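Working notes for the structure below.
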Amino acid sequence: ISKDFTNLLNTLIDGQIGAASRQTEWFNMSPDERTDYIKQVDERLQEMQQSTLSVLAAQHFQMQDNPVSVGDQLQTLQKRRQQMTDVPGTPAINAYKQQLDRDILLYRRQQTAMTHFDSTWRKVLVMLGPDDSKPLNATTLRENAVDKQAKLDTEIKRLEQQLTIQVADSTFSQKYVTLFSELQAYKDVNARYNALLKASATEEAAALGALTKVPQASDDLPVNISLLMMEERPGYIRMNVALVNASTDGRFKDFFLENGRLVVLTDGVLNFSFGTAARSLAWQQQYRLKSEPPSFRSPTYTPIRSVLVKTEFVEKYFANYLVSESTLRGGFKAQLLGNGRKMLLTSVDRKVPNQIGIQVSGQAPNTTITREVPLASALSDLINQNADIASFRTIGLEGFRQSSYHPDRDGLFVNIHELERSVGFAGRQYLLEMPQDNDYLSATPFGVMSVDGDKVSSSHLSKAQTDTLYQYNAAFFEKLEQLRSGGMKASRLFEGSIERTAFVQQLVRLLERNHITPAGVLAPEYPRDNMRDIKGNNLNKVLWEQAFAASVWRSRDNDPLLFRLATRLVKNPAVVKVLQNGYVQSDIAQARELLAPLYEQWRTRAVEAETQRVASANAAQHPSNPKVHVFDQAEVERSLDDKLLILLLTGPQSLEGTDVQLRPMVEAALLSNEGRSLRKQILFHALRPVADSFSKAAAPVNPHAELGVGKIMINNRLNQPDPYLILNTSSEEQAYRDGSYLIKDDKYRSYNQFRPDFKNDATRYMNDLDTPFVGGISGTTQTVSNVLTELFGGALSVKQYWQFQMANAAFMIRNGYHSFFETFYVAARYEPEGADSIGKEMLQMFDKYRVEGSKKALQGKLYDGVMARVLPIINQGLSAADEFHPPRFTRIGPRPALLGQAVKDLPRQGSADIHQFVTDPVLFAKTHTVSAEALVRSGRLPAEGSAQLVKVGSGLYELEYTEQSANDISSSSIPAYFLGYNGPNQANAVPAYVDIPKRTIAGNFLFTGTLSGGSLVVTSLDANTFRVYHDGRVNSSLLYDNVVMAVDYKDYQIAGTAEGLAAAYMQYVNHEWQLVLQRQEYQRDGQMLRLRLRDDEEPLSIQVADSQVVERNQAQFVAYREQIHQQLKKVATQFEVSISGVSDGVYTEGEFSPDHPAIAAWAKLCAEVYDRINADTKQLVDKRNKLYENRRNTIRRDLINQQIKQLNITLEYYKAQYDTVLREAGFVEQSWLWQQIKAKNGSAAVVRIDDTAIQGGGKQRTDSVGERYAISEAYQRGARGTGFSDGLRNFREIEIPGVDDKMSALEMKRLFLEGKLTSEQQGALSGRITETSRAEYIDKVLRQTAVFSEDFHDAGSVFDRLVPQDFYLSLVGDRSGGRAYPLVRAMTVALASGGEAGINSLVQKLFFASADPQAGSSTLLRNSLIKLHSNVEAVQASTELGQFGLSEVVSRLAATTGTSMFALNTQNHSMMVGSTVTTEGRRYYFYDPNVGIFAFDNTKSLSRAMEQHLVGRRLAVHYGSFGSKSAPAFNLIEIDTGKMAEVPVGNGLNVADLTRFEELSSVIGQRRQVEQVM
Amino acid sequence: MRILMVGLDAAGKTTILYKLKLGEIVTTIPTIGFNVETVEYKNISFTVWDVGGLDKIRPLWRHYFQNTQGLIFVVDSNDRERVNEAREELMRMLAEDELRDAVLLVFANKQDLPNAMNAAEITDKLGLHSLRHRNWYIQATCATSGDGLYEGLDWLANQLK
Ligand SMILES: Nc1nc2c(ncn2[C@@H]2O[C@H](COP(=O)(O)OP(=O)(O)OP(=O)(O)O)[C@@H](O)[C@H]2O)c(=O)[nH]1
Ligand SMILES: [Mg+2]
């Protein structure tokens, strides 16, 4: 709460950042992340107070010997409380009191229960006993049978009734507890009595014993009373079952709610448990009670499903198992369920009662033989019978979804969420400081951490040390507690206090001692390359190395080499030494698990050996000792492990004799992925002892100058063992004994023992490269790699070498022993001499990048530099389909690969409610959304097909074209006439049309892509047929004739806006067509967009065929135009411009054109009002950009931000208030022109029936064939007969005359735009086009994206940003080449308007929009780069200079003054290039959308780079450049960035609007929220 | 203490702001939109928002009401044609509940100009005496000389403590 605390935290943050070197756990945060970090700080401080200092108090107190007794638990605890009811208030004290209270409640209850149990047992034995004239004996009890069995039964019945009534009691109570204990006593004594009556004369005395044996020794509870203590509410116990993973889709064992019933997703689970733990292991050790064995706590860690279940079921089946008392049970029991099924019970633990392996099984439903089989549905129904339906829950489910999201990674933890999820977890143990030593030290409540170079230990605290530790730490936390509440007044940490600085000096080392640093807790979704991990390594680089290790080590490709190595290695005698390694003994145990049945057979062999040992010990000469007359566990275990080791090294082919009978199981095992994995993990561990055993001297073959010739500076470590990472993995409770201990050597100890030695030159060097660091330069890898020629017994090929060395590097990364670099360096020193050796280059490349990294972030350039050189050696034999390719490095986190093994294999049906829609379409459309999306991102739809609905949401349905025939109406589909999408250019005379009968028989509906700023016009072609037009011009219904139905822009316009959106279609209803208009909109929905009906007006409007529509609209349009001229006159007057002489010129002559004299006055007036407002706003645009720059500054204490929102609001007001006016003025003028042209020359001058009378801005516009093809393949204008789709369906079967596989993609595209072939032939040629295109894009560019980065680097570049390979505008066809023409037009505006920050923002947008392929924003972006393919305003923004050779291009750029841009618009592609000269000298830019953006200081360097790139690697020929192969000729097109920025891309967005610091859904939010609201 | 400094365009608001903050005359620099400065004076950090007074952005003034403790309304004493426009805007501002607790300091600026209205004449033309339930003050100033400005700040500081 206190602002002082918040400022103090901000202060220490700022200061610790200012102190940062490279490699630090602090880094600068987003101003949002700031608060989440501080929140987690506060939370974990509260956790410390409640959960560790409290148990420390329970040992500073309790120091004095109060009365202590295991029986007087209640009294012992009570006196411990009254000893301390005097103690001052402190949250740790309150937690201590409350813990003691809860344990007092539980033990009070239990002691009561056991008390009334004992009194009940005594009462019932008195009731059943004979008179005292005889001793209690079986004879008198048998004589009693006929009465007292019936008495027992009657009492049982009465008790069951009365207790079932009492279950209405709201909480456990003396009466409830009484009755329960009595019932259990009655049940047990009844059973014991009946057993006595059944006992034979030899057994009779034993059962009489069992009756007289009151449990009065209190050696253990009655089982049912233990279950009573496990009850969560009176009459119910909480059952749980633990998942492997949460199985929302059925991939895993699960138990979930399905259709109101609870349902186990799988037929049995080993992981059931009952109850809940009373307290943490901390409290258990504080009481020094027996701790429950960890095999209860170890077996699982993912979310758990649980519910209360009726106790009778539990006590019926599972009380047979659940006894904690060591009654011998086998591995299994099978229990008859009341439905005739079995339940199988599994001894999953040989000691613990209350965790259970359970399987349900029974007569398989609907089978020929009564085989018992596991049955999830049976268990589900039986539970639903025995469960309460209330208080089902999943524990930690969002915890998983808020920390792992999914099964995340095959590698070590990266943040505390992945640590706490890992199998190593048990409980979060904070550490604290023991500062009164000469220097500060860390202690647990039980002990101070002894530390040594080899060893980590604890010394248990004596009382004086506890008093020290407590008094200090408590004083600190008391001060902190004051500071949060009493503030500086209470805590006196005034801004000048030296105590304040000492206090912070303590807090900082506390916040380091626990890894509460930002890298510990932030766990962001998309990792900015600034952030660093918990060890200060770069985060994103760690993620990339993890994905690399996983991909490499999961490939099956190298295995024939590794197992050849193993087959040789296994013959060496030294391999036996491997078995006594400490770490080796971790993993052969897993082999004991995988091969369980064979392992059993082995042990059945082995137990013979004990017999031979005892026999030999007796056969030994005159045995003076049972010399080996004993079961030696270690001997047999050795022999067994040796057999398992041998069976792991040599393949299953080594199996022989009787074990071949089980060999098919072993074969099925070893060929699993888990088999291969283990099968190699034992190999690399086995490797170290043999390598060591040669002791061959070091002899690196490649020298290195920077770091000492002839030696290596291996190891390079400082020992600084982390106590937190040790204790937060499960050591043995021997640490917890309150006794001095030496901690285990777990495998992670190799991850946590070491830290970099900053004194060594090698450390300084590595920090220059800024690699990750892990355990220093790997002397182990040297020691191995020196002797590979002896391990394999012969020299390796450089192929074999690099194969082994990459497998080795993957193994090393997997176990956490070293970084990539820490291995590859010595690899490069040891790469064998050979014709393709490459380490010499790699070294020189390291040096080259070192002299850079000292100044700049390399962003992975090092890793690409290596892979560029390694990969063509690896893939040297393979087919391009079979190459290995690693995941690809990016600014955002590592994305999946796009090639080779990693991809190989790595219409919606719809609802019959179609019939309701047919039956009452008016009510349906009034109450349901009808969308059209699938009719946008499919081009070239058939003229005629089947249309169906698909449902998507509440009243939300989507249309789709489908392939299924409508003549099976059960296809959920109907005969419909499709209409293609028409283009958006207002100059278009040739619209998309289709003809449909009046009183149709063949089909009764017509559908089209979504209308947005255009019109659908229906005209009556004859007595029997309509022609429906999709016209891209506004007000088009005025232009056509015989219009009987139409929807124009005004009919669906949102008032006061250009925006509108509606679905329109036709229906054949009550024997007539009806024009049905469903007004809609896009709507924002949680950082996404959706469509919806417009709710602010009647979302639907309907027209039957009428005659007056033309008059009714036309009069309105005439008036509205007059009105808008009034509007514009008003606005112009408001800005003082003279409107004199501005009026409509009578249309005299000519075609439609912009800037026709008739409208020239209006156009001038628009232009002027524009210039006034543009000059006006530019001053704020500039000052706003200046303020964003200001806010970029690192040092700023605090907000300056609100000035940005205030300028934003001001400008967007201006846009909303005036842009609409100017645009509408343009529209009404264009509309009036088109109407005049109609009125004078007739509609046939203003609508044209077909495009073959080609005309436009000029007779040709010399658009690249590529461009004119892409336009020709993303709009439909005219019909598309079905053969086109048949061709696409059969394009490989079909034959096409005059075509062969060796035509260029260009000559195919050209011949296709000749249109001579049939639609089926055009479909087939199209398919062949896409096939050829993606085969070439693969062969030419993706396989060589690496070397370009280095060419641009060492040409001398000064800044770069790679761009996402993945962003596509269509899922079908050639995805690669359609995006270039709009992208270059966006990029050139971005660069001209916002420089490097704009380029960054735009590439970020593309990355996100490619990571979320169907998110709302990525949809909007796809729909907003389209509409830049053929916008005539772009031809207004152009001037096509001639073709030019590159040298001339360079000289022209050198000649330019001020910003200028040029496209090359090569015959099939468009690079962009240009210069800025404004400040910082002249920076020259180059941009190829297939690679990335680069910049340069000088034209010599620029030309040398661009030549190397375009001709040196022949890409100009793949792009079809003009002229000779050498010295290629390009077009160029002098884009005017001054005008292009203002082109509309629909929905009121200018290209400028996508070119801004916000997201698109942000800007649209601001528009909606300031336009429709306000 | 957050200070909103408003008034019609060309009044001298920026000149006053920089005479007070920097002790200098600067006058050709534009203001359209806003200026803000932090000015330490005695115990108080005055943040003075000098917001442009062009009529077409006068409707935006209401987004600047947040956490404002003081109002400076600057009128060109030599501008008789626009003094009632200033009055209308002042009264419209005083209607806003966000400013209900704001104290009001008027600077009658440009006392050096030949037809400059004085503090009392501005007080009468603006109807300041009619302002009920409002702590207000008017100071005759010449921004270019700096006369009256610190008397204004001193008053404002004493009212705000
Ligand atoms: N003679 C005289 N001129 C002044 C005085 N104060 C300001 N001026 C002049 O008035 C003109 C406008 O001053 P500004 O500070 O820009 O006034 P403003 O209120 O910020 O004007 P806008 O930015 O348009 O809202 C300048 O030319 C100043 O020289 C003054 O006290 N005496
Ligand atoms: Mg000004």
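Chain lettering (A, B, ...) mirrors the order of the structure tokens, residue numbering begins at 1 for each chain separately, and ligand numbering begins at 1 in order of display.
With only C-alpha atoms and all ligand atoms counted, the chains near ligand 2 contribute these residues within 10 Å: residues 7, 8, 9, 10, 11, 12, 13, 14, 15, 16, 27, 28, 29, 30, 31, 32, 33, 34, 35, 50, 51, 52, 53 and 54 of chain B.
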Just N, CA, C and O atoms for this one: save the residues we selected as a CSV table (one decimal), in the first residue's frame.
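File produced: part_23.csv:
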```
chain,number,residue,atom,x,y,z
B,7,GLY,N,-6.0,30.7,-21.5
B,7,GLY,CA,-6.3,32.0,-22.1
B,7,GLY,C,-6.3,31.9,-23.6
B,7,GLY,O,-5.9,31.0,-24.2
B,8,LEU,N,-6.8,33.1,-24.2
B,8,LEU,CA,-6.9,33.1,-25.6
B,8,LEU,C,-5.5,33.1,-26.2
B,8,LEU,O,-4.5,33.4,-25.6
B,9,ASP,N,-5.5,32.7,-27.5
B,9,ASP,CA,-4.2,32.7,-28.3
B,9,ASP,C,-3.7,34.2,-28.3
B,9,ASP,O,-4.4,35.1,-28.3
B,10,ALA,N,-2.3,34.3,-28.3
B,10,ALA,CA,-1.6,35.5,-28.4
B,10,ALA,C,-1.6,36.3,-27.1
B,10,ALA,O,-1.0,37.4,-27.1
B,11,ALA,N,-2.1,35.7,-26.1
B,11,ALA,CA,-2.2,36.4,-24.8
B,11,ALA,C,-0.8,36.7,-24.2
B,11,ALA,O,-0.6,37.7,-23.5
B,12,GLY,N,0.1,35.8,-24.4
B,12,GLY,CA,1.4,35.9,-23.8
B,12,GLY,C,1.7,34.7,-22.8
B,12,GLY,O,2.6,34.9,-22.0
B,13,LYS,N,0.9,33.6,-22.9
B,13,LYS,CA,1.0,32.6,-21.9
B,13,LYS,C,2.4,32.0,-21.9
B,13,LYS,O,3.0,31.8,-20.8
B,14,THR,N,3.0,31.7,-23.0
B,14,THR,CA,4.3,31.1,-23.1
B,14,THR,C,5.4,32.1,-22.6
B,14,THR,O,6.3,31.7,-21.9
B,15,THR,N,5.2,33.4,-23.0
B,15,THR,CA,6.1,34.4,-22.5
B,15,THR,C,6.2,34.4,-21.0
B,15,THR,O,7.2,34.5,-20.4
B,16,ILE,N,5.0,34.5,-20.4
B,16,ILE,CA,4.9,34.4,-18.9
B,16,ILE,C,5.6,33.2,-18.4
B,16,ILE,O,6.3,33.3,-17.4
B,27,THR,N,9.5,34.6,-27.1
B,27,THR,CA,8.1,35.0,-27.5
B,27,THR,C,7.7,34.5,-28.9
B,27,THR,O,6.5,34.3,-29.1
B,28,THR,N,8.7,34.2,-29.8
B,28,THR,CA,8.3,33.7,-31.1
B,28,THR,C,7.9,32.2,-31.1
B,28,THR,O,7.3,31.8,-32.1
B,29,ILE,N,8.3,31.5,-30.1
B,29,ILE,CA,8.1,30.0,-30.0
B,29,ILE,C,6.6,29.8,-29.9
B,29,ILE,O,5.9,30.5,-29.2
B,30,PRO,N,6.1,28.8,-30.7
B,30,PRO,CA,4.7,28.5,-30.6
B,30,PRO,C,4.3,27.7,-29.4
B,30,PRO,O,5.1,27.3,-28.6
B,31,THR,N,3.0,27.5,-29.2
B,31,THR,CA,2.4,26.9,-28.0
B,31,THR,C,1.2,26.0,-28.3
B,31,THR,O,0.8,25.2,-27.4
B,32,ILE,N,0.7,26.0,-29.5
B,32,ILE,CA,-0.6,25.5,-29.9
B,32,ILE,C,-0.7,24.0,-29.5
B,32,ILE,O,0.2,23.2,-29.9
B,33,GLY,N,-1.7,23.7,-28.8
B,33,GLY,CA,-1.6,22.5,-27.9
B,33,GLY,C,-1.3,22.9,-26.4
B,33,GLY,O,-2.1,23.6,-25.7
B,34,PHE,N,-0.1,22.6,-26.0
B,34,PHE,CA,0.2,22.7,-24.6
B,34,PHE,C,1.7,23.1,-24.4
B,34,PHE,O,2.5,22.7,-25.2
B,35,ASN,N,1.9,23.7,-23.2
B,35,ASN,CA,3.2,23.7,-22.5
B,35,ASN,C,3.0,23.2,-21.1
B,35,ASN,O,1.9,23.4,-20.5
B,50,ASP,N,0.6,25.1,-19.6
B,50,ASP,CA,0.3,26.2,-20.5
B,50,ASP,C,-0.3,25.6,-21.8
B,50,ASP,O,0.4,25.2,-22.6
B,51,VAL,N,-1.7,25.7,-21.8
B,51,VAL,CA,-2.4,25.0,-22.9
B,51,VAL,C,-2.9,26.1,-23.9
B,51,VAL,O,-3.4,27.1,-23.5
B,52,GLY,N,-2.7,25.7,-25.2
B,52,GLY,CA,-3.1,26.6,-26.3
B,52,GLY,C,-4.6,27.0,-26.2
B,52,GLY,O,-5.5,26.2,-25.9
B,53,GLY,N,-4.9,28.2,-26.6
B,53,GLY,CA,-6.2,28.8,-26.4
B,53,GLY,C,-7.0,29.0,-27.7
B,53,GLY,O,-8.1,29.6,-27.6
B,54,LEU,N,-6.5,28.6,-28.8
B,54,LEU,CA,-7.3,28.6,-30.1
B,54,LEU,C,-8.6,27.9,-29.8
B,54,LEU,O,-8.7,26.9,-29.2
```
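Contacts from chain A to chain B at a cut-off of 9 Å (only C-alpha atoms) map to residues 1180, 1203, 1206, 1207 and 1210 of chain A.
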Produce a file of the selected residues containing N, CA and C atoms, as a compact mmCIF listing (two decimals), in the first residue's frame.
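To be explicit, this is the file written out as again38.txt:
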```
# COMPACT_ATOMS: atom_id res chain seq x y z
N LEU A 1180 1.75 18.92 -35.11
CA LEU A 1180 1.52 18.01 -34.00
C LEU A 1180 2.06 16.63 -34.28
N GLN A 1203 0.77 12.95 -22.41
CA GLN A 1203 0.83 13.89 -23.52
C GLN A 1203 0.62 13.17 -24.85
N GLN A 1206 -3.08 12.53 -25.17
CA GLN A 1206 -3.80 13.77 -25.45
C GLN A 1206 -3.60 14.23 -26.90
N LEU A 1207 -2.39 14.04 -27.44
CA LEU A 1207 -2.16 14.35 -28.85
C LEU A 1207 -2.87 13.35 -29.76
N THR A 1210 -6.50 14.28 -29.86
CA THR A 1210 -6.70 15.47 -30.67
C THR A 1210 -6.66 15.16 -32.17
```
* Do a neighbour search on residue 1059 (chain A) at 8 Å with only C-alpha atoms, toss out local chain neighbours closer than 3 positions, and write the hits as a ChimeraX atom specification. => /A:1013,1053-1054,1547-1548
Pick out the residues sitting within 9 Å of residue 152 (chain B), and hand them over as an mmCIF file with N, CA, C and O atoms, in the first residue's frame; count only C-alpha atoms, and ignore anything fewer than 5 positions along from it in its own chain.
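Contents of around17.cif, freshly written:
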```
data_model
loop_
_atom_site.group_PDB
_atom_site.id
_atom_site.type_symbol
_atom_site.label_atom_id
_atom_site.label_comp_id
_atom_site.auth_asym_id
_atom_site.auth_seq_id
_atom_site.Cartn_x
_atom_site.Cartn_y
_atom_site.Cartn_z
ATOM 1 N N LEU B 105 -6.020 32.294 -10.330
ATOM 2 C CA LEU B 105 -5.118 33.434 -10.401
ATOM 3 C C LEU B 105 -5.251 33.996 -11.809
ATOM 4 O O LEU B 105 -5.024 33.276 -12.786
ATOM 5 N N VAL B 106 -5.617 35.271 -11.919
ATOM 6 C CA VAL B 106 -5.675 35.948 -13.210
ATOM 7 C C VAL B 106 -4.436 36.817 -13.362
ATOM 8 O O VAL B 106 -4.100 37.599 -12.464
ATOM 9 N N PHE B 107 -3.758 36.680 -14.497
ATOM 10 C CA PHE B 107 -2.672 37.571 -14.884
ATOM 11 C C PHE B 107 -3.183 38.562 -15.928
ATOM 12 O O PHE B 107 -3.494 38.173 -17.057
ATOM 13 N N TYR B 137 -7.949 35.723 -7.699
ATOM 14 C CA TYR B 137 -7.014 36.835 -7.636
ATOM 15 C C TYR B 137 -6.641 37.268 -9.040
ATOM 16 O O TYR B 137 -6.580 36.453 -9.964
ATOM 17 N N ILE B 138 -6.392 38.566 -9.185
ATOM 18 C CA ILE B 138 -6.015 39.156 -10.460
ATOM 19 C C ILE B 138 -4.767 39.999 -10.250
ATOM 20 O O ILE B 138 -4.700 40.798 -9.309
ATOM 21 N N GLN B 139 -3.759 39.785 -11.086
ATOM 22 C CA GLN B 139 -2.489 40.483 -10.965
ATOM 23 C C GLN B 139 -2.174 41.190 -12.273
ATOM 24 O O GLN B 139 -2.161 40.555 -13.334
ATOM 25 N N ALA B 157 0.900 30.416 -3.938
ATOM 26 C CA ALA B 157 1.535 29.564 -2.937
ATOM 27 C C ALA B 157 0.868 29.711 -1.578
ATOM 28 O O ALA B 157 0.590 28.714 -0.900
#
```
* **residue 47 (chain B) surroundings by only C-alpha atoms, 8 Å radius, close-in-sequence under 4 positions cut, as a ChimeraX atom specification** => /B:1-3,36-39
So that I have them on file, write out the residues from the current selection with N, CA and C atoms, as a PDB file, in the first residue's frame.
```pdb
ATOM      1  N   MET B   1       1.468  20.799  -6.635  1.00  0.00           N
ATOM      2  CA  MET B   1       0.297  21.544  -7.082  1.00  0.00           C
ATOM      3  C   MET B   1       0.303  21.678  -8.600  1.00  0.00           C
ATOM      4  N   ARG B   2      -0.743  21.173  -9.246  1.00  0.00           N
ATOM      5  CA  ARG B   2      -0.845  21.235 -10.697  1.00  0.00           C
ATOM      6  C   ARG B   2      -1.580  22.499 -11.117  1.00  0.00           C
ATOM      7  N   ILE B   3      -0.953  23.270 -11.999  1.00  0.00           N
ATOM      8  CA  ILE B   3      -1.463  24.564 -12.428  1.00  0.00           C
ATOM      9  C   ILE B   3      -1.834  24.456 -13.896  1.00  0.00           C
ATOM     10  N   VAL B  36       4.022  22.599 -20.543  1.00  0.00           N
ATOM     11  CA  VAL B  36       4.037  22.295 -19.119  1.00  0.00           C
ATOM     12  C   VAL B  36       5.462  22.472 -18.613  1.00  0.00           C
ATOM     13  N   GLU B  37       5.575  22.947 -17.375  1.00  0.00           N
ATOM     14  CA  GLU B  37       6.844  23.070 -16.673  1.00  0.00           C
ATOM     15  C   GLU B  37       6.642  22.702 -15.212  1.00  0.00           C
ATOM     16  N   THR B  38       7.706  22.230 -14.572  1.00  0.00           N
ATOM     17  CA  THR B  38       7.717  22.086 -13.125  1.00  0.00           C
ATOM     18  C   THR B  38       8.523  23.243 -12.551  1.00  0.00           C
ATOM     19  N   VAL B  39       7.900  24.012 -11.664  1.00  0.00           N
ATOM     20  CA  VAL B  39       8.487  25.224 -11.105  1.00  0.00           C
ATOM     21  C   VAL B  39       8.498  25.091  -9.593  1.00  0.00           C
TER      22      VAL B  39
END
```
* Please identify all polymer residues within 10 Å of region 1502-1506 of chain A, counting only C-alpha atoms, omitting same-chain residues fewer than 2 positions from it, and present them as a ChimeraX atom specification. => /A:1351-1357,1446-1447,1449-1451,1483-1487,1494-1500,1508-1512
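All residues of protein, DNA or RNA that reach within 10 Å of residue 86 (chain B), judged by only C-alpha atoms and not counting those fewer than 5 positions away in the chain, are residues 6, 7, 8, 53, 73, 74, 75, 76, 81, 91, 92, 125 and 126 of chain B.
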File of the preceding selection, N, CA, C and O atoms, as an mmCIF file, in the first residue's frame:
```
data_model
loop_
_atom_site.group_PDB
_atom_site.id
_atom_site.type_symbol
_atom_site.label_atom_id
_atom_site.label_comp_id
_atom_site.auth_asym_id
_atom_site.auth_seq_id
_atom_site.Cartn_x
_atom_site.Cartn_y
_atom_site.Cartn_z
ATOM 1 N N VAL B 6 -4.268 28.910 -18.900
ATOM 2 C CA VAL B 6 -5.080 28.989 -20.104
ATOM 3 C C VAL B 6 -5.437 30.443 -20.380
ATOM 4 O O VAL B 6 -5.164 31.342 -19.586
ATOM 5 N N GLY B 7 -6.040 30.655 -21.535
ATOM 6 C CA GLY B 7 -6.292 31.983 -22.056
ATOM 7 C C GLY B 7 -6.310 31.949 -23.568
ATOM 8 O O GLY B 7 -5.934 30.964 -24.197
ATOM 9 N N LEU B 8 -6.762 33.054 -24.151
ATOM 10 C CA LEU B 8 -6.884 33.086 -25.599
ATOM 11 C C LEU B 8 -5.499 33.077 -26.244
ATOM 12 O O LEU B 8 -4.490 33.411 -25.617
ATOM 13 N N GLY B 53 -4.893 28.228 -26.566
ATOM 14 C CA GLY B 53 -6.223 28.785 -26.415
ATOM 15 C C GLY B 53 -7.017 29.033 -27.681
ATOM 16 O O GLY B 53 -8.103 29.616 -27.614
ATOM 17 N N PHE B 73 -5.524 32.009 -15.637
ATOM 18 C CA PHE B 73 -6.206 32.442 -16.849
ATOM 19 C C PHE B 73 -5.577 33.744 -17.318
ATOM 20 O O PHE B 73 -5.603 34.746 -16.594
ATOM 21 N N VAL B 74 -5.018 33.728 -18.522
ATOM 22 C CA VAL B 74 -4.217 34.829 -19.041
ATOM 23 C C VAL B 74 -5.015 35.524 -20.134
ATOM 24 O O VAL B 74 -5.486 34.877 -21.077
ATOM 25 N N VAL B 75 -5.165 36.838 -20.005
ATOM 26 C CA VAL B 75 -5.930 37.649 -20.942
ATOM 27 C C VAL B 75 -5.026 38.767 -21.441
ATOM 28 O O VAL B 75 -4.267 39.360 -20.666
ATOM 29 N N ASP B 76 -5.099 39.045 -22.740
ATOM 30 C CA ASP B 76 -4.368 40.158 -23.343
ATOM 31 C C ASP B 76 -5.070 41.458 -22.970
ATOM 32 O O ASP B 76 -6.125 41.786 -23.517
ATOM 33 N N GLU B 81 -11.445 43.356 -27.992
ATOM 34 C CA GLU B 81 -12.342 42.608 -28.867
ATOM 35 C C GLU B 81 -12.641 41.205 -28.352
ATOM 36 O O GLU B 81 -13.740 40.687 -28.583
ATOM 37 N N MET B 91 -16.142 31.122 -17.703
ATOM 38 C CA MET B 91 -17.354 30.720 -17.000
ATOM 39 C C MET B 91 -17.723 29.282 -17.337
ATOM 40 O O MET B 91 -18.181 28.526 -16.471
ATOM 41 N N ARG B 92 -17.530 28.892 -18.600
ATOM 42 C CA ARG B 92 -17.726 27.503 -19.006
ATOM 43 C C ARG B 92 -16.795 26.556 -18.255
ATOM 44 O O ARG B 92 -17.186 25.439 -17.897
ATOM 45 N N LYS B 125 -14.592 43.487 -16.469
ATOM 46 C CA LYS B 125 -14.988 42.891 -17.739
ATOM 47 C C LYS B 125 -15.227 41.392 -17.617
ATOM 48 O O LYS B 125 -16.114 40.851 -18.288
ATOM 49 N N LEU B 126 -14.460 40.704 -16.771
ATOM 50 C CA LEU B 126 -14.639 39.269 -16.598
ATOM 51 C C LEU B 126 -15.653 38.898 -15.525
ATOM 52 O O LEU B 126 -15.962 37.710 -15.381
#
```
* To do: Step one, run DSSP on the backbone; step two, keep only residues of region 79-135 of chain B assigned to strand (DSSP E); then write them as a PyMOL selection string.
  => chain B and resi 103-109
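Distances here use only C-alpha atoms and all ligand atoms; by that measure, the residue among B:25, B:90, B:99, B:20 closest to ligand 1 is B:25.
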* Residue list (helix (DSSP H, G or I), DSSP) for region 1031-1270 of chain A, as JSON, numbers by chain -> {"A": [1036, 1037, 1038, 1049, 1050, 1051, 1052, 1109, 1110, 1111, 1112, 1113, 1114, 1115, 1116, 1117, 1118, 1119, 1120, 1121, 1122, 1123, 1124, 1125, 1126, 1127, 1128, 1129, 1130, 1131, 1132, 1133, 1134, 1157, 1158, 1159, 1160, 1161, 1162, 1163, 1164, 1165, 1166, 1167, 1168, 1169, 1170, 1171, 1172, 1173, 1174, 1175, 1176, 1177, 1178, 1179, 1180, 1181, 1182, 1183, 1184, 1185, 1186, 1187, 1188, 1189, 1190, 1191, 1202, 1203, 1204, 1205, 1206, 1207, 1208, 1209, 1210, 1211, 1212, 1213, 1214, 1215, 1216, 1217, 1218, 1219, 1220, 1221, 1222, 1223, 1224, 1225, 1226, 1227, 1228, 1229, 1230, 1231, 1232, 1233, 1234, 1235, 1236, 1237, 1238, 1239, 1240, 1241, 1243, 1244, 1245, 1265, 1266, 1267, 1268, 1269, 1270]}
